[PDB]
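What follows is one chain in structure tokens, specifically the form deposited in one PDB entry.
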């Protein structure tokens, strides 16, 4: 695989020139856009670009985005025609952010998919003849006034020929038929994922999903669905409640006919006392689990390890709605040691120092410092120039001349389970809308609880008590969160009812003691030991609905 090795060494050594070339490739055709004309960028000139083009947040350039979303010519901001939009997890004052998009995003994405396939096969053997049980989902598109579809990045891929006509090798070979993957009903599709996977269990040499929250759900759903799956296996008939015609036709063929011996074989595996190692006992030829376990997904590692008998957890890719950033070049590492190596062909990257270790104002990709934290700044192929990503990364090293980054967190996010990234700003709002029912009927922090599936939000409050009021304080707190939450909470089942746990009096003063025992009360708490002081000063619990 000499082509790959060469390709990678080239990418990682020539970082500076590739970036400078990329920048020219983006700027040159865009010099007559309204946006670039405004900032006097009449030619490729790197210092003029850095001097005169502003660093922006989503909010700074929103009037431009709204124009294209509403139907105005793409050439306001990009001479590469905007053919759609990406719906970000991140929000802007309630609404999801809508990033401009075209097929360059998928060119980059498929480049990354091919690259990471080569990285994986270099290190992991025994996968080239098997298939993957990948829990992949399509979310249905939202329509814009322009007539262009807004989708999630990964659905932008599934709904395209980049997916339909993908390469014909092991890495693109799944136990599930494409129809299952394309099913907009994810409850139906996940059931079918499991069912097709069980049918073809011996062939499974890997499993996973984009994020670890989803792999966890696949296993929890399996636990709650296995008797039904096995009946379908026994009979050779998919269950009637699956409405999707594509799933109906496609899964029926995988089933093929009554398999009462395979059903018994699976029933007997599932009936063991413990669920420990279940993934590997049902799919014994699995070599790894392919899923993101970095950032807030790290909270799922022990559970993954429990179900998977310490199969390697390979966390390959760091990407976003603005752009795909890069990959993990050391896939067999532990999750807490995962760094992502940005690829210089993805977009032109700058970085804003988030600490004292770098006193510069903004720096190029090749100038970032070891141990230093930065916020990435992206210039891409769809009309984004020098936009803040609102993530925080830490430089852990350099692979040749390619900086490697540990993902620290998304700026301002206090609560995450699954897809939702609830910002502090969202939590103030809702806890202002709870203060009303407490101001009429009759401090605070939060934790993300994933001890049960589905994970759920926990808010501590500092007030017997009625359960009209406090139950309705759970409700308003939920209903004032974002559409990502609500899709996760009401449609997908990735999130259960928000919990309100009332603190004792003085707990919200002896909490000012907590980090004193280390002012500003945290609106989230991760510290296991400080979860202790909270969990023992609860006088009552209440939930949403």
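Between two forms, the rigid core is defined as the largest C-alpha subset superposing within 1.5 Å. Numbering follows the first chain given and starts at 1.
The protein also exists as the form deposited in another entry; that form is not presented, and the subsequent description refers to it.
For the residue set 191, 300, 101, 342, core-aligned C-alpha shifts between this form and the one not shown reach 2 angstroms or more at a single site, 101.
Once both forms are overlaid on the rigid core, the distance between the two CA positions of residue 456 between this form and the one not shown is 2 angstroms or more. After superposing the rigid core, the Cα of residue 526 is displaced by 2 Å or more between this form and the one not shown.
Core-superposed comparison between this form and the one not shown: the Cα of residue 422 travels 2 Å or more. Compared with the form shown, the residue 485-residue 320 C-alpha separation increases in the other form, the change being 3 Å or greater. Note: residue 414-residue 219 Cα separation is 3 Å or more longer in the other form than here.
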